[PDB]
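Shown here: upload.txt, compact mmCIF, C-alpha atoms.
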# COMPACT_ATOMS: atom_id res chain seq x y z
CA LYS A 167 0.00 0.00 0.00
CA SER A 168 1.43 3.35 -1.05
CA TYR A 169 0.51 6.92 -0.19
CA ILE A 170 1.56 10.05 -2.10
CA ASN A 171 1.83 13.25 -0.06
CA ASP A 172 -0.56 15.61 -1.82
CA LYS A 173 -0.95 17.87 1.25
CA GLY A 174 1.63 20.43 0.15
CA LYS A 175 3.32 19.91 3.51
CA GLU A 176 5.17 17.33 5.60
CA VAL A 177 3.15 14.34 6.78
CA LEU A 178 4.04 12.53 9.98
CA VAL A 179 3.29 8.85 9.45
CA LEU A 180 3.43 6.50 12.41
CA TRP A 181 3.16 2.73 12.33
CA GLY A 182 3.80 -0.21 14.60
CA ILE A 183 5.59 -3.54 14.40
CA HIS A 184 4.14 -6.31 16.56
CA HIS A 185 6.43 -8.87 18.20
CA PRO A 186 4.25 -11.74 19.45
CA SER A 187 5.04 -13.63 22.64
CA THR A 188 4.71 -17.11 21.05
CA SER A 189 4.73 -18.96 17.72
CA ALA A 190 1.11 -19.85 18.45
CA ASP A 191 0.16 -16.18 18.86
CA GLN A 192 2.07 -15.42 15.63
CA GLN A 193 0.01 -17.99 13.79
CA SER A 194 -3.27 -17.03 15.51
CA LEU A 195 -2.94 -13.40 14.45
CA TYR A 196 -1.17 -13.53 11.07
CA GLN A 197 -1.09 -17.22 9.99
CA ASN A 198 2.32 -16.80 8.31
CA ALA A 199 5.05 -17.96 10.66
CA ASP A 200 8.01 -16.10 9.08
CA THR A 201 6.96 -12.57 8.20
CA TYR A 202 8.54 -9.22 7.48
CA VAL A 203 7.45 -5.59 7.22
CA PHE A 204 9.00 -3.03 4.93
CA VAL A 205 8.49 0.73 4.97
CA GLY A 206 9.98 2.97 2.32
CA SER A 207 9.83 6.54 1.06
CA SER A 208 12.28 8.59 -0.97
CA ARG A 209 14.39 9.16 2.13
CA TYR A 210 13.33 6.39 4.52
CA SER A 211 13.92 2.66 4.02
CA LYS A 212 13.79 -0.08 6.64
CA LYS A 213 12.94 -3.79 6.83
CA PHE A 214 11.66 -5.19 10.13
CA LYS A 215 11.74 -8.75 11.46
CA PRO A 216 9.34 -9.88 14.21
CA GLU A 217 11.17 -11.10 17.28
CA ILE A 218 8.98 -13.78 18.88
CA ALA A 219 9.62 -14.44 22.59
CA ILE A 220 7.99 -14.06 25.99
CA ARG A 221 8.62 -10.75 27.67
CA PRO A 222 7.64 -9.96 31.25
CA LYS A 223 3.96 -9.11 31.39
CA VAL A 224 3.40 -5.37 31.14
CA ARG A 225 -0.29 -4.40 31.22
CA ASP A 226 -0.92 -8.18 30.95
CA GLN A 227 1.07 -8.56 27.69
CA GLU A 228 4.08 -10.82 27.10
CA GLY A 229 4.42 -9.50 23.54
CA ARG A 230 5.73 -6.10 22.49
CA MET A 231 4.80 -3.41 19.97
CA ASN A 232 7.44 -1.05 18.62
CA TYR A 233 6.33 2.32 17.28
CA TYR A 234 8.04 4.07 14.38
CA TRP A 235 7.58 7.40 12.63
CA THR A 236 8.85 9.37 9.66
CA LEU A 237 8.14 12.66 7.90
CA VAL A 238 7.10 12.33 4.28
CA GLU A 239 7.99 15.38 2.20
CA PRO A 240 5.38 17.05 -0.02
CA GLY A 241 5.04 15.08 -3.22
CA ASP A 242 6.89 11.99 -1.96
CA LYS A 243 5.48 8.46 -1.68
CA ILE A 244 5.78 6.16 1.30
CA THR A 245 5.25 2.43 0.78
CA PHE A 246 4.32 -0.24 3.31
CA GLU A 247 4.86 -3.92 2.57
CA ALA A 248 4.08 -6.71 4.99
CA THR A 249 3.31 -10.39 5.42
CA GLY A 250 2.34 -9.88 9.05
CA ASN A 251 3.05 -7.94 12.22
CA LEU A 252 2.26 -4.49 10.76
CA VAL A 253 0.25 -2.00 12.79
CA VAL A 254 -0.70 0.09 9.80
CA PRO A 255 -1.42 3.81 9.89
CA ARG A 256 -5.05 4.83 9.77
CA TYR A 257 -4.74 8.55 10.48
CA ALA A 258 -1.57 10.52 9.62
CA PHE A 259 -0.77 14.18 10.10
CA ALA A 260 -0.11 17.02 7.69
CA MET A 261 1.87 19.66 9.59
CA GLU A 262 4.16 22.69 9.37
CA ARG A 263 6.87 22.78 12.03
CA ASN A 264 7.81 26.25 13.23
CA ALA A 265 11.29 26.89 14.71
CA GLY A 266 11.64 25.20 18.07
CA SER A 267 9.66 25.24 21.28
CA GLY A 268 9.58 22.65 24.02
CA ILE A 269 7.52 20.66 26.46
CA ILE A 270 6.49 22.01 29.85
CA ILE A 271 5.65 19.35 32.44
CA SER A 272 3.58 21.07 35.11
CA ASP A 273 0.38 21.13 37.12
CA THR A 274 0.08 24.84 36.45
CA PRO A 275 -3.33 25.60 34.89
CA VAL A 276 -3.69 27.02 31.41
CA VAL B 112 27.36 4.17 42.97
CA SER B 113 25.84 4.23 46.45
CA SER B 114 25.11 0.51 46.63
CA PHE B 115 26.70 -2.31 44.67
CA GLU B 116 26.16 -6.02 45.28
CA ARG B 117 27.40 -8.81 43.05
CA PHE B 118 25.18 -11.88 43.06
CA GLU B 119 24.99 -15.10 41.04
CA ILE B 120 21.95 -14.38 38.87
CA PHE B 121 22.15 -17.79 37.16
CA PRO B 122 24.10 -20.24 39.38
CA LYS B 123 26.71 -22.06 37.30
CA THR B 124 26.11 -25.41 39.00
CA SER B 125 22.32 -25.70 38.52
CA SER B 126 21.17 -23.32 35.78
CA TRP B 127 22.28 -25.26 32.67
CA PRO B 128 21.51 -28.97 32.93
CA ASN B 129 21.18 -29.27 29.15
CA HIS B 130 24.29 -27.36 28.14
CA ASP B 131 28.03 -27.52 28.81
CA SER B 132 29.12 -24.79 31.24
CA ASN B 133 32.80 -25.82 31.49
CA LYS B 134 34.27 -25.80 27.95
CA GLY B 135 33.67 -22.09 27.36
CA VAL B 136 37.31 -21.07 27.77
CA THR B 137 39.75 -19.55 25.36
CA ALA B 138 43.44 -18.84 24.97
CA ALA B 139 42.46 -15.20 24.33
CA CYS B 140 41.52 -14.90 28.02
CA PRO B 141 44.27 -16.85 29.83
CA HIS B 142 44.18 -17.11 33.61
CA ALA B 143 47.52 -18.27 35.08
CA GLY B 144 48.51 -19.62 31.67
CA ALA B 145 45.40 -21.79 31.32
CA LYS B 146 42.63 -20.91 28.87
CA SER B 147 39.87 -19.13 30.76
CA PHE B 148 36.96 -16.70 30.40
CA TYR B 149 35.14 -13.82 32.06
CA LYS B 150 34.06 -14.51 35.65
CA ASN B 151 30.67 -12.84 35.34
CA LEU B 152 29.71 -14.62 32.12
CA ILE B 153 29.58 -18.23 31.02
CA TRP B 154 30.40 -19.26 27.45
CA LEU B 155 27.76 -21.94 26.98
CA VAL B 156 28.68 -24.65 24.48
CA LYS B 157 26.84 -27.69 23.11
CA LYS B 158 26.59 -30.62 25.52
CA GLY B 159 27.85 -33.65 23.63
CA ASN B 160 26.39 -33.10 20.17
CA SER B 161 23.25 -31.19 21.19
CA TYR B 162 22.53 -27.55 21.94
CA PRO B 163 18.82 -27.66 22.85
CA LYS B 164 16.64 -24.57 22.87
CA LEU B 165 17.67 -22.51 25.88
CA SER B 166 15.26 -20.44 27.98
CA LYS B 167 16.02 -18.80 31.32
CA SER B 168 14.31 -16.00 33.23
CA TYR B 169 15.29 -13.94 36.27
CA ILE B 170 12.80 -11.82 38.24
CA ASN B 171 14.32 -8.77 40.00
CA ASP B 172 13.51 -9.23 43.70
CA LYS B 173 16.33 -7.00 44.95
CA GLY B 174 14.23 -3.88 45.44
CA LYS B 175 16.76 -2.07 43.24
CA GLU B 176 18.17 -1.97 39.73
CA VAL B 177 20.00 -5.04 38.49
CA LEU B 178 22.77 -4.63 35.93
CA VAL B 179 22.78 -7.65 33.62
CA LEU B 180 25.59 -8.14 31.08
CA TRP B 181 25.69 -10.84 28.40
CA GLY B 182 27.65 -11.64 25.25
CA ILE B 183 26.89 -12.70 21.69
CA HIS B 184 29.58 -14.78 19.98
CA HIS B 185 30.17 -14.42 16.24
CA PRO B 186 32.30 -17.34 15.04
CA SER B 187 34.89 -16.99 12.33
CA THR B 188 33.60 -20.00 10.37
CA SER B 189 30.61 -22.25 9.86
CA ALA B 190 32.95 -24.96 11.18
CA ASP B 191 33.55 -23.16 14.46
CA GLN B 192 29.75 -22.64 14.75
CA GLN B 193 29.07 -26.37 14.54
CA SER B 194 31.97 -27.28 16.86
CA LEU B 195 30.65 -24.97 19.59
CA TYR B 196 26.85 -24.99 19.14
CA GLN B 197 26.04 -27.75 16.59
CA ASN B 198 23.14 -25.76 15.20
CA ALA B 199 24.17 -24.00 12.03
CA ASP B 200 21.33 -21.41 12.06
CA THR B 201 20.97 -20.03 15.57
CA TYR B 202 19.51 -17.02 17.33
CA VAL B 203 19.60 -15.33 20.74
CA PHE B 204 16.76 -13.23 22.16
CA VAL B 205 16.93 -10.99 25.23
CA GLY B 206 13.78 -9.38 26.56
CA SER B 207 12.47 -7.51 29.59
CA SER B 208 9.64 -5.06 30.09
CA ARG B 209 11.91 -2.44 28.55
CA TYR B 210 14.48 -4.36 26.50
CA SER B 211 13.86 -6.44 23.41
CA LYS B 212 16.43 -7.54 20.84
CA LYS B 213 16.96 -10.59 18.66
CA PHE B 214 20.55 -11.31 17.70
CA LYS B 215 21.88 -13.22 14.69
CA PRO B 216 25.45 -14.57 14.69
CA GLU B 217 27.37 -13.07 11.82
CA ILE B 218 29.75 -15.81 10.79
CA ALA B 219 32.88 -14.58 8.99
CA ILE B 220 36.64 -14.41 9.46
CA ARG B 221 37.81 -11.23 11.04
CA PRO B 222 41.45 -10.14 11.20
CA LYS B 223 43.13 -11.94 14.07
CA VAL B 224 42.99 -9.99 17.33
CA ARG B 225 44.52 -11.80 20.34
CA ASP B 226 44.57 -14.90 18.08
CA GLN B 227 40.79 -14.78 17.38
CA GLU B 228 39.16 -14.48 13.98
CA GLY B 229 35.73 -14.59 15.62
CA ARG B 230 34.11 -11.79 17.58
CA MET B 231 32.12 -11.35 20.77
CA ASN B 232 29.75 -8.43 21.25
CA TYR B 233 28.90 -7.43 24.82
CA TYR B 234 25.49 -6.10 25.85
CA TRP B 235 23.99 -4.81 29.08
CA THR B 236 20.72 -3.58 30.48
CA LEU B 237 19.29 -2.43 33.82
CA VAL B 238 16.41 -4.49 35.17
CA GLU B 239 13.93 -2.50 37.25
CA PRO B 240 12.88 -3.79 40.67
CA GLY B 241 10.23 -6.45 40.16
CA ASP B 242 10.83 -6.86 36.41
CA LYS B 243 11.79 -10.08 34.57
CA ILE B 244 14.59 -10.49 32.04
CA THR B 245 14.37 -13.48 29.65
CA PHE B 246 17.14 -15.22 27.66
CA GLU B 247 16.35 -17.40 24.65
CA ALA B 248 18.98 -18.95 22.41
CA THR B 249 19.72 -21.81 20.06
CA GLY B 250 23.46 -21.12 20.20
CA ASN B 251 26.07 -18.40 20.46
CA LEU B 252 24.89 -16.99 23.83
CA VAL B 253 27.50 -16.09 26.46
CA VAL B 254 25.08 -16.22 29.38
CA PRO B 255 25.17 -14.13 32.56
CA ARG B 256 26.59 -15.72 35.66
CA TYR B 257 26.89 -12.79 38.08
CA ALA B 258 24.74 -9.67 37.91
CA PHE B 259 24.65 -6.55 40.03
CA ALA B 260 21.99 -5.00 42.22
CA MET B 261 22.80 -1.35 42.43
CA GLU B 262 21.83 2.17 43.40
CA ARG B 263 23.32 4.76 41.06
CA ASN B 264 24.41 7.92 42.78
CA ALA B 265 24.00 11.40 41.22
CA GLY B 266 26.68 11.88 38.59
CA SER B 267 30.44 11.62 38.95
CA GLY B 268 32.99 10.88 36.24
CA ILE B 269 36.07 8.86 35.48
CA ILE B 270 39.60 10.09 36.21
CA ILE B 271 42.30 8.46 34.08
CA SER B 272 45.58 9.03 35.90
CA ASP B 273 48.72 7.55 37.42
CA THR B 274 48.32 9.74 40.48
CA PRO B 275 48.18 7.45 43.55
CA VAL B 276 45.14 6.98 45.75
CA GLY C 57 -4.40 16.46 30.08
CA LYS C 58 -3.62 12.99 31.51
CA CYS C 59 -1.94 11.78 28.29
CA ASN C 60 1.62 12.08 27.13
CA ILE C 61 2.82 12.78 23.60
CA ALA C 62 3.16 9.08 22.82
CA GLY C 63 -0.41 8.44 23.95
CA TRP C 64 -1.72 11.56 22.23
CA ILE C 65 -0.04 11.08 18.85
CA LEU C 66 -0.93 7.36 18.60
CA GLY C 67 -4.54 7.90 19.67
CA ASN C 68 -4.51 5.99 22.98
CA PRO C 69 -8.21 5.59 23.81
CA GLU C 70 -7.93 7.69 27.00
CA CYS C 71 -6.91 10.75 24.91
CA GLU C 72 -9.77 10.73 22.41
CA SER C 73 -11.55 13.43 24.39
CA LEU C 74 -8.65 15.88 24.05
CA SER C 75 -9.13 18.79 21.63
CA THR C 76 -6.24 19.40 19.23
CA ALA C 77 -6.08 22.86 17.57
CA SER C 78 -4.40 23.50 14.23
CA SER C 79 -1.38 25.21 15.85
CA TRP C 80 0.34 25.58 19.18
CA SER C 81 3.36 27.32 20.64
CA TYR C 82 4.54 24.66 23.09
CA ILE C 83 3.30 21.45 24.70
CA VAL C 84 2.14 20.94 28.29
CA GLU C 85 2.11 17.59 30.05
CA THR C 86 1.25 16.99 33.64
CA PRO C 87 3.62 15.19 36.02
CA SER C 88 0.94 12.49 36.32
CA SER C 89 0.33 12.29 32.55
CA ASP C 90 1.21 8.68 31.77
CA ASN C 91 -1.52 7.47 29.43
CA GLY C 92 1.00 6.66 26.70
CA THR C 93 1.82 3.42 24.89
CA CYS C 94 -0.92 1.23 26.31
CA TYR C 95 0.61 -1.71 24.42
CA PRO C 96 4.14 -2.07 25.75
CA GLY C 97 7.10 -1.67 23.49
CA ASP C 98 9.61 0.87 22.29
CA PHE C 99 8.77 4.24 20.74
CA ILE C 100 11.76 4.82 18.45
CA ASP C 101 13.42 8.23 18.64
CA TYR C 102 10.58 9.29 20.89
CA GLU C 103 12.40 12.30 22.27
CA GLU C 104 13.20 13.49 18.77
CA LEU C 105 9.54 13.24 17.85
CA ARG C 106 8.54 15.22 20.91
CA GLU C 107 10.93 18.02 19.94
CA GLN C 108 9.67 17.91 16.34
CA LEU C 109 6.10 18.25 17.53
CA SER C 110 6.73 20.78 20.29
CA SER C 111 5.52 23.72 18.26

How does the structure come out when it is put into structure tokens?
Amino acid sequence: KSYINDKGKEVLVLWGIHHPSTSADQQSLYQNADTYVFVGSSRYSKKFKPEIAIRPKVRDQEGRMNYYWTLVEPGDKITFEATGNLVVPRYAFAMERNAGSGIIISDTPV
Amino acid sequence: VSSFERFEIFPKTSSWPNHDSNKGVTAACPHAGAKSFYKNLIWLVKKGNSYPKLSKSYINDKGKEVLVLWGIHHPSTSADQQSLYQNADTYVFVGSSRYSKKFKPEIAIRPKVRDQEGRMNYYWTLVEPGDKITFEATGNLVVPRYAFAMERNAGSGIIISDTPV
Amino acid sequence: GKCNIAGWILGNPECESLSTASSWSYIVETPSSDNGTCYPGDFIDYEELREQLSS
């Protein structure tokens, strides 16, 4: 699945890669046992390989989900390819970054 | 560091019934002329002609951070791979609540350093109080033996000097 | 509100009620804002993303 940036501005695209706890879970979700995910644009290019193993339960989960992001330039295409384990984008974000601010962590009311 | 306690995270005598925990020595790490190896790690090697799937967990019950170090061995040749681990196509996985990485031995001849054409990469992570770290491997894993419960203090630095204490 | 940037930008269900304007000058989190990655894992270059999104 490909998307061409026709927003006239940068688009932040985020996706996830799922790493199941067990071979059973791998098969139960995606059927294919040996899968990959590939994400590519004009400037980004990365192949991912699910790492199946039991992690300590966090929020009841022994699996893990890694989250990735990139900025697609106006007019560029980003391509997703997968045989499993891809948390695909549904919403993405057209944005214009201005200079540089920061993040205040405070109970102070707005 | 305000507190530092070495402990045997995976006891050498009981942890590895299905693997050989004695042959993992090397002339690159001599101790009193004999081949040896790191004290805090064990170079696990096939037991007889079998390296069964390894799995080993440790839950942090020290009420403080635990520093765990491990190694990944990258043999020089496919031959060395079989001689140590039998399995030709192996992996190692290390995972906690916060760490997650699958390793793949990269088998090739490197230029000889300290007589070795193979390589060993060393990894570490800090296990939070109450968290589990899991090791999975079908070969090539230099397992932890001792780990370290610790309390990091503020921020110092490292002086490199011949000046005497 | 009670979400962090990870939770907000991924659309963690606890953040759906937040309003998001078309521009902003900085970001505010609370010290108790920890509705983030509700499925555990790593957010790659998270701090870089935060800085990118700050204004």

| message | Neighbouring residues of segment 179-186 of chain A were defined as those with any atom within 8 Å, considering all atoms listed in the file; residues of the same chain fewer than 2 positions away were excluded. Please report them as a PyMOL selection string. | response | (chain A and resi 177+188-189+191-192+203+214+216-220+228-238+251-255+258-259) or (chain C and resi 66)

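Those residues of chain C that fall within 9 Å of chain B when using all atoms listed in the file read residues 96, 97 and 98 of chain C.
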
Atoms to include: C-alpha atoms. Write the selected residues as an mmCIF file, keeping the file's coordinate frame.
data_model
loop_
_atom_site.group_PDB
_atom_site.id
_atom_site.type_symbol
_atom_site.label_atom_id
_atom_site.label_comp_id
_atom_site.auth_asym_id
_atom_site.auth_seq_id
_atom_site.Cartn_x
_atom_site.Cartn_y
_atom_site.Cartn_z
ATOM 1 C CA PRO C 96 4.140 -2.070 25.750
ATOM 2 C CA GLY C 97 7.100 -1.670 23.490
ATOM 3 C CA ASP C 98 9.610 0.870 22.290
#

| task | Do me a favour and pick out the residues of chain A within 7 Å of chain B, using all atoms listed in the file, as a list in words. | result | residues 217, 221, 222 and 224 of chain A

| request: Could you check which of A:242, A:262, A:226, A:273 is closest to chain C, using only C-alpha atoms? | output: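 Among A:242, A:262, A:226, A:273, it is A:273 that comes nearest to chain C.
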
| request: Considering only C-alpha atoms, state which residue in the set A:198, A:227, A:249, A:193 is at the smallest distance from chain C. | output: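 Selected residue with least distance to chain C: A:227.
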
Mind dumping a table of every chain C residue within 7 Å of chain A, with the nearest atom pair and its distance in Å to one decimal, using all atoms listed in the file, sorted by chain and rising number, as JSON lines?
{"residue": "C:81", "atom": "CA", "partner": "A:267", "partner_atom": "CA", "distance": 6.7}
{"residue": "C:82", "atom": "CA", "partner": "A:267", "partner_atom": "CA", "distance": 5.5}
{"residue": "C:83", "atom": "CA", "partner": "A:269", "partner_atom": "CA", "distance": 4.6}
{"residue": "C:84", "atom": "CA", "partner": "A:270", "partner_atom": "CA", "distance": 4.7}
{"residue": "C:85", "atom": "CA", "partner": "A:271", "partner_atom": "CA", "distance": 4.6}
{"residue": "C:86", "atom": "CA", "partner": "A:272", "partner_atom": "CA", "distance": 4.9}
{"residue": "C:87", "atom": "CA", "partner": "A:271", "partner_atom": "CA", "distance": 5.9}
{"residue": "C:95", "atom": "CA", "partner": "A:231", "partner_atom": "CA", "distance": 6.3}
{"residue": "C:96", "atom": "CA", "partner": "A:230", "partner_atom": "CA", "distance": 5.4}
{"residue": "C:97", "atom": "CA", "partner": "A:231", "partner_atom": "CA", "distance": 4.6}
{"residue": "C:98", "atom": "CA", "partner": "A:232", "partner_atom": "CA", "distance": 4.7}
{"residue": "C:99", "atom": "CA", "partner": "A:233", "partner_atom": "CA", "distance": 4.6}
{"residue": "C:100", "atom": "CA", "partner": "A:234", "partner_atom": "CA", "distance": 5.6}
{"residue": "C:107", "atom": "CA", "partner": "A:268", "partner_atom": "CA", "distance": 6.3}
{"residue": "C:110", "atom": "CA", "partner": "A:268", "partner_atom": "CA", "distance": 5.1}
{"residue": "C:111", "atom": "CA", "partner": "A:267", "partner_atom": "CA", "distance": 5.3}

| query | Please, what distance in Å, to one decimal, runs between atom CA of residue 241 of chain A and atom CA of residue 170 of chain A? | reply | 6.2 Å

| message | Give me, as a PyMOL selection string, all polymer residues having an atom no more than 10 Å from residue 174 of chain B, counting all atoms listed in the file and skipping those fewer than 6 positions away in the same chain. | response | chain B and resi 239-241+260-262

Output C-alpha atoms of each residue in that selection to a file, as a short mmCIF file (atom, residue, chain, number, x, y, z; two decimals), in the coordinates of the input.
data_model
loop_
_atom_site.label_atom_id
_atom_site.label_comp_id
_atom_site.auth_asym_id
_atom_site.auth_seq_id
_atom_site.Cartn_x
_atom_site.Cartn_y
_atom_site.Cartn_z
CA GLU B 239 13.93 -2.50 37.25
CA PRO B 240 12.88 -3.79 40.67
CA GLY B 241 10.23 -6.45 40.16
CA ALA B 260 21.99 -5.00 42.22
CA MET B 261 22.80 -1.35 42.43
CA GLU B 262 21.83 2.17 43.40
#

| query | Looking at B:274, B:124, B:114, B:251, which one is nearest to residue 231 of chain B, with distances taken over all atoms listed in the file? | reply |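 When distances to residue 231 of chain B are compared using all atoms listed in the file, the smallest one comes from B:251.
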
| message | To one decimal place in Å, what is the distance between atom CA of residue 134 of chain B and atom CA of residue 198 of chain B? | response |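 Answer for the atom CA of residue 134 of chain B to atom CA of residue 198 of chain B separation: 16.9 Å.
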
| remark: Closest of C:78, C:62, C:67, C:72 to residue 101 of chain C, counting only C-alpha atoms, is C:62

| query | Looking at C:80, C:94, C:104, C:88, which one is nearest to residue 68 of chain C, with distances taken over all atoms listed in the file? | reply | C:94
